[PDB]
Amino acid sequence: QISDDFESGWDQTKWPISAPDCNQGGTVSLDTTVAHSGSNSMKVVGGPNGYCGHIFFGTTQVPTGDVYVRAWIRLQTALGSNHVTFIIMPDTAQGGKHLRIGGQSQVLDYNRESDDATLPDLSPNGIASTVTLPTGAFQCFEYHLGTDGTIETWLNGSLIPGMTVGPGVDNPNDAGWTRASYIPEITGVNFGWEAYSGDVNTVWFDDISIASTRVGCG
């Protein structure tokens, strides 16, 4: 459980840098000119050096059991076709490999590092069932990881059907995700930018809350 409006700045021990394996060219900084709440947010700029250009800040202060994450997110450039990532969660259910939230085929999705599965399937109907991340303004992004396989995702309070799965929940485009039984067991949440293609973008994060209960959009 952890929250931050960044109005007291960037506490670097609360929100350390993460750049697994390699670190070349990405930046994390407090921005005092772009924000959702108040004056400040966290600005992440991916470096132009493929995967190694990645960078994140994050925390291991995550509850066990149900987890709700909420962040206000501003994206500079529209999501393209390439596979990109802006949230990584080390996952015990994948032996430490990452549950990722990002973009592919111009829309938001989940991705498992272990087997490269996506939620939704990136079929035409799957793509239609998820959404783009609008640019140039802070968006309220929230998700819930349950204990029974449930995953729920909201943008500006509206459920994203393609990015929602779980016991008895009818998602017609969840085949890749549910091939094997998968229940997340995350140990951290990291916010930033990563792209194997070397796609560069700038993403700002403000008003982060991680909790055992639904946060909402204020």
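In case it trips you up, residue 1 is the first one in the sequence shown, and so on.
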Quick one: higher average CA temperature factor, 51-59 or 38-46?
51-59
Of 149-157 and 177-185, the one with larger mean CA B-factor
177-185
By the CA temperature factor listed in this entry, which of these ranks top: 76, 130, 139, 114?
114
The third of the chain into which the C-alpha temperature factor of residue 190 falls is the lowest
Split the chain's modelled residues into thirds by Cα B-factor; residue 169 lands in the highest
Hey, what third does residue 71 fall into on Cα B-factor, ranked over its chain?
lowest
Can you tell me whether residue 108 has a C-alpha B-factor in the lowest, middle or highest third compared with the other modelled residues of the same chain?
lowest
Once the chain's modelled residues are ordered by C-alpha B factor and cut into thirds, is residue 206 in the lowest, middle or highest one?
lowest
